[PDB]
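Worksheet: the structure to be examined is printed underneath.
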Amino acid sequence: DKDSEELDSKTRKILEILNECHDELXXXXXXXXXXXXXXXXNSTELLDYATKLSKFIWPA
Amino acid sequence: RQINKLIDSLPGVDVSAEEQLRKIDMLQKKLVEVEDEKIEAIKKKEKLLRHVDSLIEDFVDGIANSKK
Amino acid sequence: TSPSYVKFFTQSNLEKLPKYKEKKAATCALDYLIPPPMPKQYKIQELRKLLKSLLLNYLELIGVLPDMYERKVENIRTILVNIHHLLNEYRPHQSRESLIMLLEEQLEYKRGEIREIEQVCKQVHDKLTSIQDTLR
Amino acid sequence: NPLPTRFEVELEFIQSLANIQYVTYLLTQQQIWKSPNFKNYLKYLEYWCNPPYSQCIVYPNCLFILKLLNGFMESXXXXXXXXXXXXXXXXXXXXXXXX
Amino acid sequence: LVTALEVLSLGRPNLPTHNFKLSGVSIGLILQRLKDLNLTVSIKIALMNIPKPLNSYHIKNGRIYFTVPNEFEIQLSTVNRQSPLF
C-alpha cells in the first residue's frame, strides 16, 4: 500500500509541472507578429519626420 | 580631456548613408525571419505538451480504475 | 472660435458628397467637404582642430587684459559658431544610428523568449524519465 | 504675412486641439452643438492621421484627442467635466520629457 | 522614434495605456482551462476510498456530477468541484 501511495504522489507532481508548462506558452503572438510585419514595411519617413518632434512646448 | 574622451568614444560615423540604410533593411529582414522561427518552436513545444498530457490521462485512468 | 468651413458640413451635403466625388473624378460647399491638397574620415577630424583653436583664443583673451579685448572676443564668437555647425551634422546621423540599435534589440528579444520556454520543457522530460527508471 | 490657405487654417485648428483649455472652451458651448455640423467637421478632420497628412502634424496629442472626441460624440456637462482631470494627470510627464 | 511609429499607427497609444479614466473612455483557449481542473481532482478522488453508493459518477466539463436515485420528482445528484489536494 505504501509503495502505491508513493507512485501516486509522483504522478501528481508530474501533472502539476505539466499545467505550469501549459500556462507558460499562442496565436495572439502570431497575429501581433503579422501586424508587426505590416508596421515594419517606412523608416525613411520616421528618420526625417521624427526629428521635428524633439523641439516641441504645448500650443497656447 | 573629457571632451577628447567623448569625441573618441562616439560610435563610428561615416561620410555616406547607404551603409546605415542597408543596416536598417538587413535588421528588418532578420526580424521577420526570427519571428517565423519563434512560431515554429512554439508549435513543436505545444506538440510535446500534448504528448505528456496524454501520459497523464493514462495514469489517471489507471488509479481511477484501481482504488474505488 | 471655429473655422467658417464648419458651416458647410450639413447632413444634406454629406448625402450629396459621394455622387460629387464620382462626378468630380470624371467652387462649392462640397469642395469644402473635400480635403485640401498637400503643399509642395569626417567632421571629427576638424572638431579637434576647432577645439584646439578655442583654448588658443582663450589664452589670448587672458593675455590682453587695456581696450584691445573687444577685437579678440569677436574671433572667439566665430569659433563657437563653427562647433555648432558640426553638431548640426551630427543631428540626423545619430538618429539613424539609434534606429539601428532599436532593431538589433528587437532581434535579441525575439530569440530570448523561445530559449526560455525551451529550457523549461527539457527539464520536464528529464524528470519523467527518472521516475520510469525506478519501477521495473 | 499674406492671405492664409485652408490647409494651414485646418492644420492650425486641428493642432489647436493639443491645448487642454482650448478643448475645454470648445466643449463648454451651447450653440455649436444644436446642429450636426461641428461633430461632422471633427469627424472630417480625421484625414490628418493618415499619410502624407501625418507628415505635417507637429503635436502627436491633438490627433489622438480628436479620435477621442470623435469616439465620444457617437454615443452632457458631466463627462465633459470628466476628461480634463485625467489628461491633467498625464501632461507634466511629457513636458518633462520634451526639453 | 517610438512616437513616430505611434503617429504612423494612428494616435499615441501610450496615453490611453498609461491613463486610467482615458482608458475608461477610449474564446477557445478559455474553454481548455476547465478541463485541466478535472485531471487534478480525478487522481485524488481516484486514490481515496470512495463509498460504494458513489462509485458511479459522470465527469462533466469542469466538475464531477454524481447521482443516486430517490424521489421528490428528482434524483439525488450533486455537482462537486474544489481546488486543494495536498
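Residue numbering begins at 1 within each chain, and the chains themselves are lettered A, B, C, D and E in the order written.
Rule of thumb we're sticking to: contacts are C-beta pairs under 8 Å (C-beta built on N, C-alpha and C of every residue); 3 or more make two chains touch, one makes a residue touch a chain.
With centres computed from Cα atoms alone, the innermost chain of the structure is A. More C-beta pairs in contact connect the chains of C-D than those of the other pair, out of A-D and C-D.
Rounded to whole angstrom units, the spacing between the C-alpha centres of chain B and chain C is 26.
Our note on geometry: chain A versus chain E, Cα centroid distance of 22 Å, whole angstroms. With centres defined as mean CA coordinates, chain E is found 44 Å away from chain D.
The mean-CA centres of chain B and chain D are about 40 angstrom from one another, to the nearest whole unit.
Residues of chain C in contact with at least two other chains: 95-96, 99, 117, 121, 124, 128.
Counting partner chains per residue, chain E shows two or more touched chains at residues 1, 3, 8, 39, 43, 47. Multi-chain contact residues, meaning those touching two or more other chains, occur in chain A at positions 8, 11, 14-15, 18, 21-22, 25, 43, 45-46, 49-50, 53. Under the contact rule defined at the top, the touching pairs of chains are A-B, A-C, A-D, A-E, B-C, B-E, C-D, C-E, D-E. Of all the residues in chain A, the ones that touch chain E in their complex are 5, 8, 11-12, 15-16, 19, 22, 39, 45-46, 49-50, 53. On the side of chain E, the complex with chain D involves touching residues 3, 6-8, 10-12, 15-16, 18-22, 25-26. Interface residues of chain E, counted against chain C in their complex, comprise 1. Residues 56-57, 59-60, 63-64, 66-68 of chain B are the ones that touch chain E when the two sit in their complex. By the touch rule above, chain B contacts chain C in their complex via residues 3-4, 7, 10-11, 13-15, 17, 20-21, 23-24, 27-28, 30-31, 34-35, 37-38, 41-42, 45, 48-49, 52, 55.
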